Amino acid sequence: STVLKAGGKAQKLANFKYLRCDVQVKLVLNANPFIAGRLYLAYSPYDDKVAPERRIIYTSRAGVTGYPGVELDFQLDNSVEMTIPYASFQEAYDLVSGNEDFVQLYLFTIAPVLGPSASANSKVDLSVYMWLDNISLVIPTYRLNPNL
Amino acid sequence: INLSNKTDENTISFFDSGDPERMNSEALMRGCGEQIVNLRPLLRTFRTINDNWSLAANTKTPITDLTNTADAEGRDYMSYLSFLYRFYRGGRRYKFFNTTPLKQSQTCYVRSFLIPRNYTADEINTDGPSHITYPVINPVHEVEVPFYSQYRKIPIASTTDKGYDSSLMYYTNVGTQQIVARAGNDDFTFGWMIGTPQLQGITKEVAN
Amino acid sequence: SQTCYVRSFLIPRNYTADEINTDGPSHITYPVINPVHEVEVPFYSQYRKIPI
Amino acid sequence: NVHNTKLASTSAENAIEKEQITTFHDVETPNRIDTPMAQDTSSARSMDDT
Amino acid sequence: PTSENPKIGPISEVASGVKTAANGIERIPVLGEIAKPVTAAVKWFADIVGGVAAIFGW
Amino acid sequence: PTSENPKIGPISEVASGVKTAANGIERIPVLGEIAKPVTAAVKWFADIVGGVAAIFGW
Amino acid sequence: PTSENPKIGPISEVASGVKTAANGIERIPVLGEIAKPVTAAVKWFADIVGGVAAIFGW
Amino acid sequence: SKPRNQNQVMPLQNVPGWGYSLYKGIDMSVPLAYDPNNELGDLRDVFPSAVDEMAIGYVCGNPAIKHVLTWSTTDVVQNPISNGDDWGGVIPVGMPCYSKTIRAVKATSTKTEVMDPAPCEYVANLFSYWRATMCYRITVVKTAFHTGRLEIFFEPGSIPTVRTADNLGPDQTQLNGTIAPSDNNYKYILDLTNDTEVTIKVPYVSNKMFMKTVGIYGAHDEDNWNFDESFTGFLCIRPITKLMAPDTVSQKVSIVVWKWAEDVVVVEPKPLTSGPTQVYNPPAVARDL
Amino acid sequence: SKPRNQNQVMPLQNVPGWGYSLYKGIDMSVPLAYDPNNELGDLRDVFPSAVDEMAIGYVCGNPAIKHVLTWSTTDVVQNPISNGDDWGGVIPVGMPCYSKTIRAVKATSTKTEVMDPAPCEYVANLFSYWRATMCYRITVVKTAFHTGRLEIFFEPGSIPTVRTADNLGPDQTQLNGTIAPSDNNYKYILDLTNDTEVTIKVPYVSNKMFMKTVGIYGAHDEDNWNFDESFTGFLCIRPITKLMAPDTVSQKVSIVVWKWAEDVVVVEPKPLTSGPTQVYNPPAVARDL
Amino acid sequence: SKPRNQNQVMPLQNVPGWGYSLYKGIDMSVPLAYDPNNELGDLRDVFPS
Amino acid sequence: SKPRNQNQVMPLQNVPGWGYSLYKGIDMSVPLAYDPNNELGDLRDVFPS
């Protein structure tokens, strides 16, 4: 949903019913060479609908890092690309009736931002980009999702 | 020296040891007698989820009333391993070993029916295929549930739909106590590999 | 009792019952239809040989 | 070598990626976690054409 | 072997490779009494190294 | 396989088509672990497409 | 047919002689679903016309 | 037409459920189906990945972070880096778990111990004995202006411990360069001038063919043997050269350690634990049990 | 002469009636006959037809009338023709039933719901999930002097409903050309100048591999999910051009709709219903139960 | 690994000692011996004749 | 699809533990293992001799 409701894509999905798509993610990070740190970007399917004892939240650092993800270091990986596959147990996403999400993306902090004991310059700025992959829009309809 | 923070992918092993597979196979030949290389065989094995499951007479009980806890516990392999994955497919097998300590009627019989998952007994008929046993001549009720699904895979989370896969309904003409063991058919398996949850260990009471 | 049953589990040698779980492989018999409980214990060892 | 995990690492030092509208320039080829031996687990391509 | 039972014995006999009177005082190599090395001679090991579909649960 | 039981195993072993140490870290294609595509390899599907008399009730 | 049971099925499958998708809408001749005419194809009729000794009580 | 029996009297045994605990065999389970030959197809186009995620080498090959240490400019040389995380500097080499925390709630105070397992540890907990090649990826979170030399050496055998009533932990006083010289220990000295990473595989070495999968389960001052017997030894991470850092960068770095296993072997399908396999379901609040 | 046993001890299970619910297997039923090999012959010269009337494709391929609508000269354009029959204009696409009437008899008033099934619906009621290609023959009863344009368009998903306490029905107000445009819907515009007929096959499309066979069974304001989940969508029949008819002919025509199925697949041999399969035997009078 | 049964239901009869009065047949007598294939030799040099 | 039984009535004897005192035979002991074909290897490099 986060991508369908962004970039004017809902306008091109309107008047359709079913969708099979892979989500492509890209982070771009910027930090002066005097700042260090590391983050873990992971996705958890059905994390908002599964029992809490099975969520990526409510488990341990080792469990979290056991989820599919990418290490994002500030001075090694200024950019990371992630691919989330079609996550519905169904044959396709329903864009009209079943307003639902099947996978939740998280950005975790392994090591906090490490900078000098200064100020305003000890910081890191990120920007997230998203699009779709392996797409199929098939069945037309007259109905819409008011949630766009 | 050049200013840089990089990764050279340096790898080291600490001993001039022989081939690990040689040593492992010798150790198995000498102290195990078998080799486990996959975790589906453990879903093919039967393991206990309850040593005493009491039933009330003339009552159609869905086994969900039990599995809905036996899955969160983590005692069996179908539950322990489910916490590593997000999907599953295939059918399941259940065995019911009779542990009834009293004679309730001249003829005790056990019966199993199908039922859509998460349904109640007042929501389904008693027709369809069935299996019947007589605990006095056969105290082990073995039954298999196929993968009758509207979906090719089933998640381990809550859904909006209901009745999209089959389950088991259990009936008895008397009050029976049973040991329940379950397993997967020759087609059951799990999907995504995800991270682990935290494990519970020894518990103690301390009168501080 | 109306239903007598016998059950066998694994256990590490020289342990007590309060030191081990009841999971693992098992064998169950009903002495009234089968009064002979036959079971085999493999050589699950940390060592290739065991002393006496 | 490992599974489910992208490990921070170096890469080629001039990366240009173009995705259908936009063009990215990165210091080094990004570390990418894609799905191993991925397949289409849907049936939309079998229902109609896009 | 003259046996009026079609099943002459309970089990299938396996050859040894021994050249000694078994009740004699001369040593007997215990490895020549049976062939069970790390090979496909063992059932589960053959199952593994031959990649059968059962070790995967199928 | 040296077995003194004429029935060496409970079941009939099926070959996989795998070129990997099963307990190794390298990926294993799960489709090469068994052949069960939409073909006569499956019993009921072979029954159907071969038109046996049992699928009709005879 | 890939089956780990040596007995792949409960029964011996009999061929039909049908050239149609059994779940299709096109007619299916019910005589091509099985061969059981007045011939030696039927067990008791073969017993009779072959003059076996059992139909006489021997 | 009705001849006489010529078969013998079969001897039998009414033993239902024979070998139900095995993985191989012919199951007597009745299918609630139409066809006795009911069987699903292969796994093509079911899961997002055609890989087998159920193989031990694919699960135990999924690494997870077990240590995040803080190496400050004050850390002494040839002293294990013990700041930031538990089991500081010391890394018990093995598939079992070594770290656990105690949740104490209430009269009385009920104490249950919680574990933080990687997939290798999750798998090992299911068996009694294990054998594997343990692989560790030791990464340093720094800049191009931090420099230092790091010593990672393997010591076989039991670990020096400060044993408590409910847990075990390493004795950092018996791991200094005076008491624990690394001169006769397999080790790897890592320069941090530009590099940040080294992966270390530790083959299996012990006077046993298989070690125990118990680990820290129920391990404390009184119950401590199985823990020592569950590992082949331990790594220790000590500074060869103090951390070098100007005042323009952080005066500390984080040492991240990933853990996974290769060439894995598990022996008994029964755990060695007092109790069963149980998953900790974190309660809603800190008052629950 | 009397040798010794060399067979082993067979393990057994006293499980009579093993797999009696399956269609294939060796039955242990004792025949009250003379020959154990008793078997009838083939079906030549038994029934009037040598065709197999028991195949699903021959039963579900027998069409039946489900809609007889009345298209008057007053019917508005782009409005579903809702005069003459229930479920007016709307055609839930599926093998299950969608229409039912309530027989209310008496204190109290006992209500039992009755269905009007075609052979496809009769068959589907026997199973839990279905999958098929639904085929509809839409005929118009008119003369050579009636003219008009008819729009038959397919809309996927749930249907707009006016849910009652005992039944469900379509909301004709949410199907007008304003709220329900057919501009992005597969459709067929039919001219009635000379032609009268068009057969429409609707393949199976859904986010499910199989839909439910429940349909309208027990469907009402409270129980409405399974109904929506039992169909792939619906057709709507709306006038593109008002009915044209001089005063020498009828000011209305009847729209007859036949329904059958092709490429049929049924999944579970158990119904999804609260109760069993039951045939309505119309009582002698309206007072009976 | 654990397929399904495909055998039929055997009909049986619990009739121990079936044909014990006959001279030919397979005896279900358990031998109090070491070898199940225990068998004496032929009669050469046993009796005077 | 569901033909009739053509097998005869087996005669049997409920004699568990038949020939357990012999050294040769097929044992009905259930193994508390994973594999039914569990079997140790040969004795190479087990004992000093």
# chains A, B, ... in the order shown; residues from 1 in each chain; ligands from 1
$ residues_around --residues "residue 188 of chain I" --least-positions-apart "2" --cutoff "10 Å" --atoms "only C-alpha atoms" --output "list in words"
residues 150, 151, 152, 153, 154, 185, 186, 190, 191, 198, 200 and 237 of chain I
$ interface_residues --of "chain B" --to "chain J" --cutoff "10 Å" --atoms "only C-alpha atoms" --output "count of residues only"
10
$ calpha_fit_and_write --fixed "chain E" --moving "chain G" --output "mmCIF file with N, CA, C and O atoms, in the first residue's frame"
data_model
loop_
_atom_site.group_PDB
_atom_site.id
_atom_site.type_symbol
_atom_site.label_atom_id
_atom_site.label_comp_id
_atom_site.auth_asym_id
_atom_site.auth_seq_id
_atom_site.Cartn_x
_atom_site.Cartn_y
_atom_site.Cartn_z
ATOM 1 N N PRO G 1 21.075 -76.374 0.263
ATOM 2 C CA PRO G 1 20.518 -76.568 1.605
ATOM 3 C C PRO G 1 19.126 -77.178 1.551
ATOM 4 O O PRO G 1 18.197 -76.545 1.048
ATOM 5 N N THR G 2 18.985 -78.393 2.072
ATOM 6 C CA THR G 2 17.737 -79.143 1.966
ATOM 7 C C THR G 2 16.814 -78.712 3.095
ATOM 8 O O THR G 2 17.038 -79.042 4.266
ATOM 9 N N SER G 3 15.767 -77.976 2.731
ATOM 10 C CA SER G 3 14.795 -77.459 3.676
ATOM 11 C C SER G 3 13.419 -77.626 3.060
ATOM 12 O O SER G 3 13.204 -77.253 1.902
ATOM 13 N N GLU G 4 12.492 -78.186 3.833
ATOM 14 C CA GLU G 4 11.125 -78.320 3.351
ATOM 15 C C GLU G 4 10.320 -77.045 3.535
ATOM 16 O O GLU G 4 9.181 -76.972 3.059
ATOM 17 N N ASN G 5 10.874 -76.056 4.214
ATOM 18 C CA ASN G 5 10.269 -74.737 4.267
ATOM 19 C C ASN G 5 10.767 -73.908 3.096
ATOM 20 O O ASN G 5 11.987 -73.803 2.901
ATOM 21 N N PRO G 6 9.884 -73.316 2.289
ATOM 22 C CA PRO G 6 10.370 -72.452 1.205
ATOM 23 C C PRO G 6 11.265 -71.337 1.701
ATOM 24 O O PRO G 6 12.206 -70.946 1.000
ATOM 25 N N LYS G 7 10.996 -70.810 2.891
ATOM 26 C CA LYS G 7 11.868 -69.835 3.538
ATOM 27 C C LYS G 7 12.881 -70.615 4.363
ATOM 28 O O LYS G 7 12.610 -71.000 5.503
ATOM 29 N N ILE G 8 14.056 -70.857 3.780
ATOM 30 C CA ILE G 8 15.033 -71.733 4.417
ATOM 31 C C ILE G 8 15.485 -71.155 5.751
ATOM 32 O O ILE G 8 15.820 -71.895 6.683
ATOM 33 N N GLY G 9 15.500 -69.830 5.868
ATOM 34 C CA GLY G 9 15.920 -69.183 7.085
ATOM 35 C C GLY G 9 15.139 -67.915 7.362
ATOM 36 O O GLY G 9 14.445 -67.384 6.491
ATOM 37 N N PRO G 10 15.238 -67.402 8.592
ATOM 38 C CA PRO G 10 14.519 -66.162 8.912
ATOM 39 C C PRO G 10 15.042 -64.952 8.167
ATOM 40 O O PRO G 10 14.266 -64.032 7.883
ATOM 41 N N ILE G 11 16.334 -64.921 7.843
ATOM 42 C CA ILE G 11 16.988 -63.724 7.342
ATOM 43 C C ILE G 11 17.769 -64.067 6.081
ATOM 44 O O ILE G 11 17.927 -65.231 5.712
ATOM 45 N N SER G 12 18.261 -63.022 5.424
ATOM 46 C CA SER G 12 19.113 -63.165 4.252
ATOM 47 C C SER G 12 20.566 -63.212 4.706
ATOM 48 O O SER G 12 21.053 -62.273 5.345
ATOM 49 N N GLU G 13 21.253 -64.301 4.377
ATOM 50 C CA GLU G 13 22.615 -64.491 4.845
ATOM 51 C C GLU G 13 23.577 -63.601 4.070
ATOM 52 O O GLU G 13 23.467 -63.450 2.851
ATOM 53 N N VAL G 14 24.528 -63.011 4.790
ATOM 54 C CA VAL G 14 25.542 -62.141 4.210
ATOM 55 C C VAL G 14 26.892 -62.831 4.334
ATOM 56 O O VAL G 14 27.226 -63.367 5.398
ATOM 57 N N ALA G 15 27.664 -62.815 3.252
ATOM 58 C CA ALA G 15 28.973 -63.450 3.252
ATOM 59 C C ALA G 15 29.989 -62.589 3.995
ATOM 60 O O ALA G 15 29.844 -61.370 4.104
ATOM 61 N N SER G 16 31.034 -63.241 4.509
ATOM 62 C CA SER G 16 32.023 -62.586 5.359
ATOM 63 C C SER G 16 33.301 -62.229 4.607
ATOM 64 O O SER G 16 33.672 -61.055 4.526
ATOM 65 N N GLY G 17 33.975 -63.227 4.045
ATOM 66 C CA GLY G 17 35.325 -63.039 3.553
ATOM 67 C C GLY G 17 36.354 -63.474 4.576
ATOM 68 O O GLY G 17 37.340 -62.771 4.817
ATOM 69 N N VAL G 18 36.130 -64.636 5.188
ATOM 70 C CA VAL G 18 36.985 -65.166 6.242
ATOM 71 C C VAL G 18 37.539 -66.510 5.785
ATOM 72 O O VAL G 18 36.826 -67.307 5.166
ATOM 73 N N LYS G 19 38.811 -66.757 6.093
ATOM 74 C CA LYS G 19 39.529 -67.963 5.693
ATOM 75 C C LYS G 19 40.017 -68.738 6.912
ATOM 76 O O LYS G 19 41.154 -69.216 6.951
ATOM 77 N N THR G 20 39.168 -68.879 7.927
ATOM 78 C CA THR G 20 39.588 -69.472 9.187
ATOM 79 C C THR G 20 38.444 -70.260 9.804
ATOM 80 O O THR G 20 37.279 -69.862 9.705
ATOM 81 N N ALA G 21 38.784 -71.375 10.444
ATOM 82 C CA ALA G 21 37.816 -72.087 11.263
ATOM 83 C C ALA G 21 37.343 -71.174 12.383
ATOM 84 O O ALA G 21 38.120 -70.809 13.272
ATOM 85 N N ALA G 22 36.064 -70.799 12.336
ATOM 86 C CA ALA G 22 35.553 -69.786 13.250
ATOM 87 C C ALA G 22 35.709 -70.186 14.709
ATOM 88 O O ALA G 22 35.871 -69.310 15.565
ATOM 89 N N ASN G 23 35.661 -71.479 15.016
ATOM 90 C CA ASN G 23 35.867 -71.966 16.371
ATOM 91 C C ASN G 23 37.327 -72.291 16.652
ATOM 92 O O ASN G 23 37.626 -72.938 17.659
ATOM 93 N N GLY G 24 38.240 -71.858 15.783
ATOM 94 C CA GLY G 24 39.650 -72.111 15.966
ATOM 95 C C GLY G 24 40.333 -71.029 16.779
ATOM 96 O O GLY G 24 39.777 -69.970 17.067
ATOM 97 N N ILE G 25 41.586 -71.313 17.142
ATOM 98 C CA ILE G 25 42.355 -70.419 18.002
ATOM 99 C C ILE G 25 43.051 -69.311 17.226
ATOM 100 O O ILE G 25 43.481 -68.319 17.834
ATOM 101 N N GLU G 26 43.170 -69.440 15.909
ATOM 102 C CA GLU G 26 43.797 -68.399 15.110
ATOM 103 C C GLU G 26 42.949 -67.134 15.116
ATOM 104 O O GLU G 26 41.716 -67.191 15.136
ATOM 105 N N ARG G 27 43.623 -65.987 15.105
ATOM 106 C CA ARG G 27 42.935 -64.705 15.076
ATOM 107 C C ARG G 27 41.956 -64.639 13.911
ATOM 108 O O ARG G 27 42.143 -65.284 12.876
ATOM 109 N N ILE G 28 40.906 -63.847 14.090
ATOM 110 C CA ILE G 28 39.934 -63.555 13.046
ATOM 111 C C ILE G 28 39.850 -62.041 12.905
ATOM 112 O O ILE G 28 39.468 -61.355 13.858
ATOM 113 N N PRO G 29 40.194 -61.465 11.753
ATOM 114 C CA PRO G 29 39.955 -60.030 11.558
ATOM 115 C C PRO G 29 38.468 -59.721 11.607
ATOM 116 O O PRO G 29 37.677 -60.259 10.829
ATOM 117 N N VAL G 30 38.089 -58.843 12.537
ATOM 118 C CA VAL G 30 36.679 -58.516 12.727
ATOM 119 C C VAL G 30 36.132 -57.639 11.614
ATOM 120 O O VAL G 30 34.909 -57.490 11.500
ATOM 121 N N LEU G 31 37.000 -57.057 10.788
ATOM 122 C CA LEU G 31 36.540 -56.273 9.649
ATOM 123 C C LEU G 31 36.163 -57.158 8.470
ATOM 124 O O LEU G 31 35.332 -56.764 7.646
ATOM 125 N N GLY G 32 36.762 -58.341 8.370
ATOM 126 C CA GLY G 32 36.358 -59.302 7.365
ATOM 127 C C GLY G 32 35.112 -60.079 7.708
ATOM 128 O O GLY G 32 34.626 -60.848 6.875
ATOM 129 N N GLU G 33 34.588 -59.905 8.923
ATOM 130 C CA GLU G 33 33.348 -60.573 9.299
ATOM 131 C C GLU G 33 32.140 -59.914 8.648
ATOM 132 O O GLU G 33 31.112 -60.572 8.454
ATOM 133 N N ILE G 34 32.242 -58.632 8.299
ATOM 134 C CA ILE G 34 31.182 -57.929 7.584
ATOM 135 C C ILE G 34 31.787 -56.713 6.897
ATOM 136 O O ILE G 34 32.809 -56.172 7.329
ATOM 137 N N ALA G 35 31.136 -56.282 5.821
ATOM 138 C CA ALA G 35 31.497 -55.077 5.082
ATOM 139 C C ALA G 35 30.473 -54.000 5.417
ATOM 140 O O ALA G 35 29.352 -54.017 4.902
ATOM 141 N N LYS G 36 30.859 -53.067 6.281
ATOM 142 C CA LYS G 36 30.027 -51.913 6.590
ATOM 143 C C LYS G 36 30.901 -50.671 6.710
ATOM 144 O O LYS G 36 30.836 -49.959 7.720
ATOM 145 N N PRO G 37 31.731 -50.378 5.709
ATOM 146 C CA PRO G 37 32.563 -49.173 5.773
ATOM 147 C C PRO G 37 31.763 -47.921 5.463
ATOM 148 O O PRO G 37 30.535 -47.978 5.354
ATOM 149 N N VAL G 38 32.442 -46.786 5.316
ATOM 150 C CA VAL G 38 31.759 -45.551 4.959
ATOM 151 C C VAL G 38 31.572 -45.558 3.450
ATOM 152 O O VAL G 38 32.381 -44.994 2.705
ATOM 153 N N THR G 39 30.496 -46.195 2.998
ATOM 154 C CA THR G 39 30.231 -46.393 1.581
ATOM 155 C C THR G 39 28.722 -46.478 1.389
ATOM 156 O O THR G 39 27.948 -46.328 2.338
ATOM 157 N N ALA G 40 28.305 -46.741 0.151
ATOM 158 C CA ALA G 40 26.908 -47.038 -0.125
ATOM 159 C C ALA G 40 26.485 -48.406 0.391
ATOM 160 O O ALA G 40 25.328 -48.791 0.192
ATOM 161 N N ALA G 41 27.386 -49.146 1.042
ATOM 162 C CA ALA G 41 27.013 -50.410 1.662
ATOM 163 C C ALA G 41 26.055 -50.215 2.824
ATOM 164 O O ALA G 41 25.302 -51.138 3.154
ATOM 165 N N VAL G 42 26.072 -49.052 3.451
ATOM 166 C CA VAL G 42 25.162 -48.732 4.541
ATOM 167 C C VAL G 42 23.938 -48.045 3.957
ATOM 168 O O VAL G 42 24.045 -47.223 3.040
ATOM 169 N N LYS G 43 22.767 -48.383 4.494
ATOM 170 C CA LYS G 43 21.520 -47.961 3.868
ATOM 171 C C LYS G 43 21.351 -46.449 3.927
ATOM 172 O O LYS G 43 21.113 -45.802 2.902
ATOM 173 N N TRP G 44 21.460 -45.864 5.121
ATOM 174 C CA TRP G 44 21.230 -44.430 5.248
ATOM 175 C C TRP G 44 22.321 -43.628 4.549
ATOM 176 O O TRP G 44 22.048 -42.572 3.967
ATOM 177 N N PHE G 45 23.560 -44.117 4.572
ATOM 178 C CA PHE G 45 24.633 -43.402 3.891
ATOM 179 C C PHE G 45 24.442 -43.437 2.381
ATOM 180 O O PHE G 45 24.700 -42.442 1.690
ATOM 181 N N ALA G 46 24.008 -44.581 1.851
ATOM 182 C CA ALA G 46 23.659 -44.653 0.438
ATOM 183 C C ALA G 46 22.501 -43.721 0.121
ATOM 184 O O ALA G 46 22.500 -43.048 -0.916
ATOM 185 N N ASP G 47 21.506 -43.668 1.005
ATOM 186 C CA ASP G 47 20.396 -42.742 0.829
ATOM 187 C C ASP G 47 20.893 -41.309 0.714
ATOM 188 O O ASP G 47 20.421 -40.543 -0.133
ATOM 189 N N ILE G 48 21.849 -40.931 1.560
ATOM 190 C CA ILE G 48 22.353 -39.561 1.551
ATOM 191 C C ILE G 48 23.134 -39.292 0.271
ATOM 192 O O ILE G 48 22.784 -38.407 -0.517
ATOM 193 N N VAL G 49 24.210 -40.051 0.051
ATOM 194 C CA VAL G 49 25.112 -39.758 -1.057
ATOM 195 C C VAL G 49 24.489 -40.018 -2.417
ATOM 196 O O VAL G 49 24.982 -39.494 -3.422
ATOM 197 N N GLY G 50 23.424 -40.810 -2.482
ATOM 198 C CA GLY G 50 22.661 -40.966 -3.696
ATOM 199 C C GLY G 50 21.563 -39.949 -3.853
ATOM 200 O O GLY G 50 20.857 -39.957 -4.866
ATOM 201 N N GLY G 51 21.404 -39.064 -2.874
ATOM 202 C CA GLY G 51 20.349 -38.071 -2.922
ATOM 203 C C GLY G 51 18.992 -38.655 -3.238
ATOM 204 O O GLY G 51 18.439 -38.383 -4.310
ATOM 205 N N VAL G 52 18.454 -39.486 -2.345
ATOM 206 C CA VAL G 52 17.085 -39.937 -2.528
ATOM 207 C C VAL G 52 16.134 -38.866 -2.000
ATOM 208 O O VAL G 52 16.514 -37.971 -1.237
ATOM 209 N N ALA G 53 14.876 -38.962 -2.423
ATOM 210 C CA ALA G 53 13.888 -37.948 -2.091
ATOM 211 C C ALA G 53 13.335 -38.088 -0.680
ATOM 212 O O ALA G 53 12.575 -37.217 -0.245
ATOM 213 N N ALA G 54 13.696 -39.148 0.042
ATOM 214 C CA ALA G 54 13.146 -39.356 1.374
ATOM 215 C C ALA G 54 13.907 -38.575 2.435
ATOM 216 O O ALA G 54 13.305 -38.122 3.414
ATOM 217 N N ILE G 55 15.220 -38.406 2.264
ATOM 218 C CA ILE G 55 16.003 -37.614 3.202
ATOM 219 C C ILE G 55 15.585 -36.154 3.214
ATOM 220 O O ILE G 55 15.982 -35.410 4.117
ATOM 221 N N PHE G 56 14.796 -35.728 2.230
ATOM 222 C CA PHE G 56 14.251 -34.382 2.176
ATOM 223 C C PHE G 56 12.816 -34.311 2.673
ATOM 224 O O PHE G 56 12.273 -33.211 2.796
ATOM 225 N N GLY G 57 12.192 -35.449 2.951
ATOM 226 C CA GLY G 57 10.827 -35.482 3.418
ATOM 227 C C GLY G 57 9.790 -35.767 2.357
ATOM 228 O O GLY G 57 8.595 -35.613 2.631
ATOM 229 N N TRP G 58 10.204 -36.178 1.164
ATOM 230 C CA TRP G 58 9.275 -36.455 0.080
ATOM 231 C C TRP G 58 9.092 -37.953 -0.100
ATOM 232 O O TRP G 58 10.066 -38.705 -0.129
#
$ select_by_dssp --residues "chain J" --states "strand (DSSP E or B)" --output "PyMOL selection string"
chain J and resi 4+12-13+27
$ residues_around --residues "residue 48 of chain C" --least-positions-apart "3" --cutoff "8 Å" --atoms "only C-alpha atoms" --output "PDB file with N, CA, C and O atoms, in the first residue's frame"
ATOM      1  N   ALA B  27      32.159 -40.154  12.569  1.00  0.00           N
ATOM      2  CA  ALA B  27      31.518 -39.978  13.865  1.00  0.00           C
ATOM      3  C   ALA B  27      30.088 -40.495  13.846  1.00  0.00           C
ATOM      4  O   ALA B  27      29.609 -41.054  14.837  1.00  0.00           O
ATOM      5  N   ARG B  30      30.081 -44.230  14.003  1.00  0.00           N
ATOM      6  CA  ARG B  30      30.521 -44.757  15.287  1.00  0.00           C
ATOM      7  C   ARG B  30      29.613 -44.398  16.458  1.00  0.00           C
ATOM      8  O   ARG B  30      29.667 -45.086  17.482  1.00  0.00           O
ATOM      9  N   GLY B  31      28.793 -43.354  16.349  1.00  0.00           N
ATOM     10  CA  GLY B  31      28.038 -42.907  17.505  1.00  0.00           C
ATOM     11  C   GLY B  31      26.621 -42.419  17.284  1.00  0.00           C
ATOM     12  O   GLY B  31      25.969 -42.015  18.251  1.00  0.00           O
TER      13      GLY B  31
ATOM     14  N   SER C  45      25.832 -41.544  21.188  1.00  0.00           N
ATOM     15  CA  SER C  45      26.983 -41.374  22.058  1.00  0.00           C
ATOM     16  C   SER C  45      27.821 -40.187  21.612  1.00  0.00           C
ATOM     17  O   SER C  45      27.900 -39.869  20.423  1.00  0.00           O
TER      18      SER C  45
ATOM     19  N   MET H 209      33.388 -36.943  20.019  1.00  0.00           N
ATOM     20  CA  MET H 209      32.898 -36.915  18.648  1.00  0.00           C
ATOM     21  C   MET H 209      31.734 -35.948  18.500  1.00  0.00           C
ATOM     22  O   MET H 209      31.536 -35.375  17.423  1.00  0.00           O
TER      23      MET H 209
ATOM     24  N   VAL K  46      37.791 -48.454  16.478  1.00  0.00           N
ATOM     25  CA  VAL K  46      37.017 -48.384  17.714  1.00  0.00           C
ATOM     26  C   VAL K  46      37.819 -48.941  18.883  1.00  0.00           C
ATOM     27  O   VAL K  46      38.135 -48.220  19.829  1.00  0.00           O
TER      28      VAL K  46
END
$ atom_distance --atom1 "atom CA of residue 7 of chain K" --atom2 "atom CA of residue 16 of chain J"
19.8 Å
$ residues_around --residues "residue 114 of chain A" --least-positions-apart "6" --cutoff "8 Å" --atoms "only C-alpha atoms" --output "ChimeraX atom specification"
/A:35-37,122 /H:249-250,252-253
$ write_last_selection --atoms "N, CA and C atoms" --output "short mmCIF file (atom, residue, chain, number, x, y, z; two decimals), in the first residue's frame"
data_model
loop_
_atom_site.label_atom_id
_atom_site.label_comp_id
_atom_site.auth_asym_id
_atom_site.auth_seq_id
_atom_site.Cartn_x
_atom_site.Cartn_y
_atom_site.Cartn_z
N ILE A 35 31.68 10.40 10.72
CA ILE A 35 30.54 9.81 11.41
C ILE A 35 30.42 8.35 10.99
N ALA A 36 30.12 7.49 11.96
CA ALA A 36 30.02 6.06 11.73
C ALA A 36 28.71 5.55 12.31
N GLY A 37 28.36 4.33 11.92
CA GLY A 37 27.14 3.71 12.37
C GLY A 37 26.76 2.57 11.47
N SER A 122 27.17 16.23 13.51
CA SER A 122 27.21 14.80 13.78
C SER A 122 25.81 14.23 13.55
N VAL H 249 36.59 12.46 15.58
CA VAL H 249 35.73 11.30 15.41
C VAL H 249 35.32 10.79 16.78
N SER H 250 34.54 9.71 16.81
CA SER H 250 34.17 9.10 18.07
C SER H 250 35.39 8.48 18.74
N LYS H 252 35.29 5.80 20.30
CA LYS H 252 34.91 4.41 20.46
C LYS H 252 34.42 3.88 19.12
N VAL H 253 34.44 2.56 18.99
CA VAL H 253 33.89 1.87 17.83
C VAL H 253 33.09 0.68 18.33
#
$ closest_residue --among "H:257, H:285, H:235, H:26" --to "chain G" --atoms "only C-alpha atoms"
H:26
$ closest_residue --among "A:8, A:3, A:78, A:44" --to "residue 28 of chain D" --atoms "only C-alpha atoms"
A:78
$ atom_distance --atom1 "atom CA of residue 10 of chain C" --atom2 "atom CA of residue 18 of chain K"
25.5 Å
$ interface_residues --of "chain K" --to "chain C" --cutoff "8 Å" --atoms "only C-alpha atoms" --output "ChimeraX atom specification"
/K:16-17,28-34,38,40,46-47
